[PDB]
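Just so we're on the same page: letters track the sequence lines, and every chain starts at 1. These values consider heavy atoms only, across backbone and side chains, with no hydrogens, waters or symmetry-generated copies.
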2 protein chains.
Amino acid sequence: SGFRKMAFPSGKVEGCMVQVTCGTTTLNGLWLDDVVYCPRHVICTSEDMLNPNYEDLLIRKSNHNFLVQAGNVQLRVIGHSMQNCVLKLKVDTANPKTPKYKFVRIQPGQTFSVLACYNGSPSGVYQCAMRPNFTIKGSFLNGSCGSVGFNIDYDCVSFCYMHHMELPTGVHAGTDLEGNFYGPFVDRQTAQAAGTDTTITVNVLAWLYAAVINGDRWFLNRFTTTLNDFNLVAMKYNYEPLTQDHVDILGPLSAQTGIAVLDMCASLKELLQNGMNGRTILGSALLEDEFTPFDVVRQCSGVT
Amino acid sequence: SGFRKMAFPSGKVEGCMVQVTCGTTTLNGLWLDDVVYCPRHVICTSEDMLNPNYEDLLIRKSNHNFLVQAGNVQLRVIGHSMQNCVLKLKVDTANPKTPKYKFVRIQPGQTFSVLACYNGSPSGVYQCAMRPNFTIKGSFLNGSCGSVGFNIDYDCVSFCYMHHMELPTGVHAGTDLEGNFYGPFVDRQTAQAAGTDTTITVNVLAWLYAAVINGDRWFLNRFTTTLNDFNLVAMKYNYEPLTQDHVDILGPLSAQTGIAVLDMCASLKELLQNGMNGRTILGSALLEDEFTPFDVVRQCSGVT
Ligand SMILES: O=C(CC1CCCCC1)Nc1cccnc1
Ligand SMILES: O=C(CC1CCCCC1)Nc1cccnc1
């Protein structure tokens, strides 16, 4: 019993973290097989960061200008190329710690573990959601860039996120491992407002199922609702509209708990309309939206 | 910027996790040098678990009855002994992944990372506090026992916690790595009520400093207070009394932010007396007490 914002075990990712230095700027790289993936803003200087001409900047850089250090051993860089907003540095050595891995572009609402890194060294790990507005609410300083998000299916590490920039609002933006930004963000030093952030309704419901499973049930009411009723309430409170897809994905939690999805929606509806009246659910005084139905099933059954 | 309930990178601990099986019961072991540390209730059967005579039970067990498996290779067990509530299984092979480590008994209020494990396999990692009543609010199922808590100072893993039992209230109890329970708990199948849990006041203050640093400051007021005034308010609300020690430890956050500790106490006082009025601090609708002043400094500066 008990329920925690649990991150994936970070060991398989630790073994892939390197330091990347170009001119003066240092940040993190991801060493998989004989390629190191890092943010392309590694090649920038403070005078460039306004509106960097990454193509013109990269012309001026040679394999020898990319200092790649794994612990206390340097990697020889035999190739460099720019794919969208990441650099691929071909090195002469395969990372002997390369886990089974894929590159996956996650969907907003989907969760992942971040291993925050500085100078290619891990500092810690936490679980995150891709916000509906394609931002993450991270813990990232100068030198945390190139830290990656991931999921792990048994032995396969799915890399979904590379950290690039912090918005003036203090929220985080980043790319997939093909260096495509999640959201409209560009790697520049300009004000870039994040759209309206909605609450990930299906994740709140999944978390309400986790609560019931772990014995927090005071919020179960004698009401039901309809997708269309519930969604009128969702709109008001900037929740994502609930679809039959979302309901289908909650089926395992519905089946286990025997609480129909639309009944739980009616619990959610009442919590939105009346607040929590100074009570808590799984040690939280607000509605947690960063556990997927998958996350709840995994943790509540103990998948490894 | 941003602030997260961050766990230590779990890789150094993953490499120490094994499976321990005695009779039918399976749970987790910790393989360091040529010793495997596991909960002694591994030797119990469901008929024993009421009031187990661990000494008499252990008589009946031989080195060959302790099946110790690291991934898909068995360890030969050349010795077994009981220290308090853990078993030390001497194996013929040193764990080649043994990190630098110590065994440290933590103080209540101190935090640590848990790597929850099943069948010697990691499932995930989260940050925890030893509650003032020597319980932890974990995420642990059947087979999670022998999962360990830890801190990491650069390269040294300090093991502080081994998970043993869940109380009927669904809160967790466990030992240091010398198998001494934190708190009054015994490894039996009896109702064992946990004392009153207080809020770890110094950690809330440290978290209030983290909030101010990350730009959440709406709770800063024009008031101050005194240790003795503040502590009258602490009592009412079951906060731990604040001491000069606690104030001394907040000095780095006070100095950085230039907000005297007793001023922040006066912020805390008002939050206790008036609640949060439906606002949030670092994405929380209640007062977080599971970040130490050390934790806040580490994360806000980015120690690795
Ligand atoms: O965002 C920047 C600088 C950006 C990076 C992209 C190019 C313009 C400059 N640094 C940073 C700081 C804290 C957390 N994350 C990232
Ligand atoms: O607590 C028990 C059984 C206790 C263990 C000690 C001896 C009496 C039996 N199992 C469990 C379940 C979930 C999380 N943690 C532990």
Hey, what do you get for OG (B/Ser10) to CE (B/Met17), rounding to the nearest 0.5 Å? 10.5 Å

Verdict with reasoning, B/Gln299 to A/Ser139, per side-chain hydrogen bond (donor to acceptor under 3.5 Å, both in side chains): CA-CA 8 Å; B/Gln299 179 169 164; A/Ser139 172; 2.7 Å; yes

So does B/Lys61 have more than 12 non-hydrogen atoms from other groups sitting under 6.0 Å from NZ? yes

Whether B/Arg40 engages the ring of B/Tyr54 as a cation-pi pair (distance to the six-membered ring centre under 6.0 angstrom, angle to the ring normal within 45°) should be assessed. yes

Could you walk me through whether B/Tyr209 and B/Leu250 pass the side-chain contact (heavy atoms from CB on, under 4.5 Å) test, one step at a time? CA-CA 9 Å; B/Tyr209 282 111; B/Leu250 289 162; 4.1 Å; yes

Looking at CG of B/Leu30 and SG of B/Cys38, how far apart are the two atoms once the value is rounded to the nearest 0.5 Å? 10.0 Å

Going through the distances and angles, do B/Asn95 and B/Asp33 end up as a side-chain contact (heavy atoms from CB on, under 4.5 Å)? CA-CA 5 Å; B/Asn95 185 356; B/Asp33 303 315; over 6 Å; no

Which atom names give the shortest non-hydrogen contact between B/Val125 and B/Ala7, and what distance separates them? CG2-CB, 3.6 Å

At their closest point, which heavy atom of B/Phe8 faces which heavy atom of B/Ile152, and how far apart are they? CE2-O, 3.4 Å

Is any side-chain heavy atom of B/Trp207 less than 4.5 Å from a side-chain heavy atom of B/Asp289? no

Counting N and O atoms only, with roles assigned by atom type, does the side chain of B/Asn84 sit under 3.5 Å from a partner on the main chain of B/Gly179, one being a donor and the other an acceptor? no

Supply the atom-to-atom distance B/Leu141 CG to A/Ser1 OG, rounded to the nearest 0.5 angstrom. 7.0 Å

Here the gap from B/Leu227 atom CG to B/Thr243 atom OG1, rounded to the nearest 0.5 Å, amounts to 7.5 Å

If you measure from the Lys or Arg side-chain nitrogens to the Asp or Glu carboxylate oxygens, is any gap between A/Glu290 and B/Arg4 under 4.0 Å? yes

B/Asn214 side chain vs B/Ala210 backbone, donor-acceptor pair below 3.5 Å: yes

Out of curiosity, B/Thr21 OG1 to B/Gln74 CD, how far, rounded to the nearest 0.5 Å? 8.0 Å

Under the 3.5 angstrom rule, does the side chain of B/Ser284 hit a backbone N or O of B/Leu286 as a donor-acceptor pair? yes

Would you confirm whether the ring centroid of B/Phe3 sits within less than 6.0 angstrom of the ring centroid of B/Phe291? yes

Hey, are the side chains of B/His41 and B/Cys145 touching, using non-hydrogen atoms and a 4.5 Å cut-off? yes

From the options A/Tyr161, A/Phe150, A/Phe294, select the one residue that forms a ring-ring contact (aromatic ring centres under 6.0 Å, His included) with A/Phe112. A/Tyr161

Is the number of heavy atoms from other residues, nucleotides or ligands within 6.0 Å of CG (B/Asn180) greater than 12? yes

Note: B/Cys160 and B/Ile106 closest approach over all heavy atoms is CB-CG2, 3.3 Å

Will you find, in the side chains of B/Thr304 and A/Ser123, an N or O donor that is under 3.5 Å from an N or O acceptor? no

CZ of A/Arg217: more than 12 outside heavy atoms within 6.0 angstrom? no

Please assess B/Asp197 against B/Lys137 for the test salt bridge (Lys or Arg N to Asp or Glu O under 4.0 Å), listing each intermediate value before the final yes or no. CA-CA 11 Å; B/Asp197 202 31; B/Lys137 296 184 188 145; 3.5 Å; yes

Could you verify whether a donor N or O on one side chain and an acceptor N or O on the other, from B/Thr201 and B/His246, lie under 3.5 Å apart? no

For A/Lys12 and A/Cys16, which heavy atoms make the closest approach, and how far apart are they? O-SG, 3.3 Å

Judged by modelled atom types alone, do B/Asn133 and B/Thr135 share a side-chain donor-acceptor pair under 3.5 Å? yes

Donor-acceptor pair, distance only, cut-off 3.5 Å: does the side chain of A/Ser147 make one with the backbone of A/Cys117? yes

Has B/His172 got a side-chain atom pairing as donor or acceptor with B/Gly138's backbone, closer than 3.5 angstrom? yes

Donor-acceptor pair, distance only, cut-off 3.5 Å: does the side chain of A/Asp216 make one with the backbone of A/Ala211? no

How close do B/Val114 and B/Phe140 get, counting heavy atoms only, and between which atoms? CG1-CZ, 3.4 Å

Step by step, would you call B/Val36 with B/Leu75 a side-chain contact (heavy atoms from CB on, under 4.5 Å)? CA-CA 10 Å; B/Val36 176; B/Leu75 299 188; 4.2 Å; yes

Please say whether more than 12 non-hydrogen atoms of neighbouring residues, nucleotides or ligands are located less than 6.0 Å from CD in B/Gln244. yes

How close do B/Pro293 and B/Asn203 get, counting heavy atoms only, and between which atoms? CD-OD1, 3.7 Å

I'd like to know if the side chain of B/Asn63 pairs up with that of B/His80 as donor and acceptor (distance under 3.5 Å, no hydrogens or angles considered). yes

Does any non-hydrogen side-chain atom of B/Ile78 lie less than 4.5 Å from one of B/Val91? no

With the threshold set at 4.0 Å, does a side-chain nitrogen-carboxylate oxygen contact exist between A/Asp295 and A/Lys5? no

Verify the neighbour count for atom CG of B/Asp153: are there more than 12 heavy atoms of other residues, nucleotides or ligands below 6.0 Å? no

Using ring pair (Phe, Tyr, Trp, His ring centres under 6.0 Å), reason through B/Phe103 and B/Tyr37 one step at a time and then give a plain yes or no. CA-CA 12 Å; B/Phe103 292 169; B/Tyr37 307 87; 5.1 Å; yes

I need the A/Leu287 CG to A/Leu205 CG distance, nearest 0.5 Å. 9.5 Å

If only atom types and distance count, is the side chain of B/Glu288 paired as donor or acceptor with the main-chain N or O of B/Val204 below 3.5 Å? no

Report yes if some heavy atom in the side chain of B/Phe159 is under 4.5 Å from a heavy atom in the side chain of B/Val104; otherwise report no. no

Given B/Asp48 and B/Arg188, is the salt bridge (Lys or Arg N to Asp or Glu O under 4.0 Å) satisfied, shown in steps? CA-CA 9 Å; B/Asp48 303 317; B/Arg188 294 167 206 199; over 6 Å; no

Give the C-alpha distance, both sets of side-chain angles, the deciding distance and a yes or no for side-chain contact (heavy atoms from CB on, under 4.5 Å) between B/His164 and B/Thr175. CA-CA 7 Å; B/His164 287 242; B/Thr175 70; 3.2 Å; yes

Within the side chain of A/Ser121, is there an N or O that forms a donor-acceptor pair under 3.5 Å with the backbone of A/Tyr118? no

Closer than 3.5 angstrom, by distance alone: can the side chain of B/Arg131 be matched with the main-chain N or O of B/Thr198 as a donor-acceptor pair? yes

Is B/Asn53 reaching over with its side chain to a backbone N or O of B/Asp56, donor-acceptor style, under 3.5 angstrom? yes

Are side-chain heavy atoms of B/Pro52 and B/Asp187 found at a separation under 4.5 Å? no

Check this for me, if you would: do B/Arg76 and B/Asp34 make a salt bridge, where the nitrogen-to-carboxylate-oxygen distance has to be below 4.0 angstrom? no

From CA spacing to verdict: side-chain hydrogen bond (donor to acceptor under 3.5 Å, both in side chains), B/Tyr101, B/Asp155: CA-CA 8 Å; B/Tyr101 74 92; B/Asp155 77 349; over 6 Å; no

Using distance alone, with no hydrogens and no angle criterion, decide if A/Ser113 and A/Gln127 have a side-chain donor and acceptor under 3.5 Å apart. yes

